[PDB]
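Each value in this text was obtained by applying a stated rule to the coordinates, not by laboratory testing. So basically every Cβ, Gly included, is an ideal-geometry build from the backbone, and we count neighbours across all protein chains shown.
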């Protein structure tokens, strides 16, 4: 629920950061 | 690649949010 | 009326992931 | 530009998840 | 007397939207 | 069904916005 | 800007509700 | 997909209806 | 139907005018 | 340059549309 | 680009005004 | 009815987009 | 209402070419 | 379902181009 | 250009079948 | 009406078939 | 053959009458 | 105004035709 | 059977077209 | 133009009506 | 009969003349 | 074919013009 | 020029026979 | 060649529309 | 009256058409 | 329904059309 | 003058469309 | 793939259109 | 969280400056 | 108001620049 | 690192107050 | 000029911020 939402958001967030780190 | 991973995880978070909505009234 | 906004900006974010996918 | 705004949203959504969970 | 109504309209449309999105 | 009514009240919200536009 | 543009995104939402009625 | 896009722009419409009444 | 579609594509055109004015 | 004139054009056309909206419905 | 896009939406608009005269004419 | 004023409006707006394609072209 | 509508349909064809382009990378 | 739409807008533009050349030859 | 015309009218006819199915389903 | 426009396009299309055949 | 092509001339004529009326 | 009845006539001939068509 | 009536209809149609040729041309 | 067209195809309709009336009959 | 037929051959003559005039 | 399809039709009109001349002469 | 004058006199013929008819 | 199969299918779709006219209109 | 000069009009039409045909 | 069958046969026809399209 | 060039270009676009359709 | 060249073509024909738009 | 807070406020600031220059 | 919101923001990320320094 | 970050923030803030004190 | 320099500075500030982030994860 709330913390599952949190988990996924942080995941997606780090994903994005390293993605531009590449691009 | 990691882009698609990104969007998949964002979709799972999406479904999450929608579920939370379905509950919270 | 606040998780609504969580929802939304998330949706926008999703759509922007989509848009990056499109441009590339 | 587009990725940057996407980050803006990712965070804002997150920060929002914070706000909610903190309140509950 | 009209703006509020506008908002509630979007909120009920949103209610139906949430329901059909969760189900569909 | 659900979507039919959704569309209906969507139209409603629409007409309201139009009313506000025309009034001011 | 931020009222006619409100009207715009509503009209869009309406457009795509139609599109969904068509398909389904 | 188009259902999520609808939900998206509906909430954005609602966001701007809010911004409107939040002073007017 | 037809007329709301008219207002719709006109608004979109106007919205793009806004974008162009602002950027260029 | 002429973007502003073109914008004004879209705008006035829009006024026209909403005015006509006012008068049938 | 976005310029051509707006030209398009203008044209579809103009054409729907065309059709509106054809109907309520 | 004012649909004809409306049509003229779209028309000169199109003229404007065209003159754009010219000048900023 | 003839050449400009030629223009319309060209732009729309270009719109849809664009569209299905913007799914294959 | 959209490639075919592209075909038709293309050939409709094409056909209008014909009609134009046929009146202006 | 004759088969062309055949294709043009064919796709158009096709489209109108589509549009009636989207009026009736 | 709309069916009849389809009917018309169909009849033409097939007349074109006639035309192509008789020559070929 | 000639039956359907009779129909064809009928429909095209209908079409031209339609277009004239629309011009009015 | 005569176009009114002219087009009525075309339509009538047209249904007569397609009546015969289905009967054939 | 109603073929003769079909002929009558095409006739009356031409009649009106003739009267209109007079009316405008 | 555009009405000699209508006149013209109406008449062809008349002519084919004539023929099929007389042929089987 | 025969004048209306006269008319038709006149007319198709007209149109098959316009035909070649277009591409000629 | 247009070349002399063209003439066939005019000439037949003329044939019947002779015919009508003689009859209603 | 060449085909033009031809179509022209063809048209004079047309309006002639048109009168022929329109008489009765 | 396959022109002819195309023809047969056009005819078939034609009667399909005709009987759809029977059922609807 | 003048139920013949159509002959003249088609005649001149024919003069010009045979002119073109024999010309090229 | 029958309408859809109508559509589907239009499909296979257009298929054979674009099939013809290849040799030239 | 450029009508022709536009024609040629639409035609070429048509060729490539045709053959990309031949592809898929 | 050849979608790219096709798009280039479309834009070309478009530019030529615009040139006509420009001179006239 | 604190760094993300830094970032987020930087990003919103970026876009607010952007929206202002659009004037 | 955009100026004060922006100012507000510059100050806030400033404070966190500070507090993050005083931490790390 | 975080230091110069704070610094640049102060710089940008000076620019903002400069834009503000105009009217 | 004013906002130009503001945006330049703000951009590089964000740049080094994302640098620290990307560093820490």
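Taking the Cα atoms of the protein assembly as shown alone, what are Rg (to one decimal) and Dmax (as a whole number) in Å?
That works out to 32.8, 118 Å for Rg and Dmax.
Residue H:1 to residue S:3: FRET efficiency via 1/(1 + (r/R0)^6), r the Cβ-Cβ distance, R0 56 Å, to the nearest 0.05? Please report the intermediate quantities before stating the final value.
Details: r = 54 Å, r/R0 = 0.97.
So, using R0 = 56 Å, E works out to roughly 0.55.
Could you work out the mean count of beta carbons from other protein chains within 10 Å of each residue's beta carbon in Y:11-24?
Values: counts 5, 7, 19, 6, 3, 10, 12, 1, 4, 7, 4, 0, 1, 2.
Other-chain Cβ atoms within 10 Å of each residue's Cβ, averaged: 6.
Place the peptides Z:7-13, I:17-23 in order of packing, highest mean first, counting for every residue the other Cβ atoms within 10 Å and averaging per peptide.
On the way: Z:7-13: 20.0, I:17-23: 15.9.
Packing proxy ranking, top to bottom: Z:7-13, I:17-23.
How high is the FRET efficiency from residue E:15 to residue O:19, r the C-beta distance, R0 22 Å, rounded to 0.05? Don't skip to the end; give the middle numbers.
On the way: r = 31 Å, r/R0 = 1.42.
Between residue E:15 and residue O:19 the formula returns 0.10.
Across the residues of AE:10-22, average count of Cβ atoms on other protein chains within 10 Å? Don't skip to the answer; put the middle values down first.
Numbers: counts 4, 6, 16, 7, 3, 11, 14, 2, 3, 7, 4, 0, 1.
The mean count of partner-chain Cβ atoms within 10 Å per residue comes to 6.
Taking each residue of AF:15-24 in turn, how many C-beta atoms of other protein chains fall within 10 Å of its C-beta, and what is the average? Walk me through the numbers on the way to the answer.
On the way: counts 3, 6, 14, 8, 3, 8, 9, 5, 3, 3.
Average per residue, whole number: 6.
Please arrange Q:15, Y:15 by how many other C-beta atoms lie within 10 Å of their C-beta, fewest to most. Walk me through the intermediate numbers first.
On the way: Q:15 17, Y:15 12.
Taking fewest neighbouring Cβ atoms as first place, the list is Y:15, Q:15.
Return the whole-Å distance between the Cα centroid of chain G and the Cα centroid of chain AC.
Chain G and chain AC have Cα centres separated by 30 Å.
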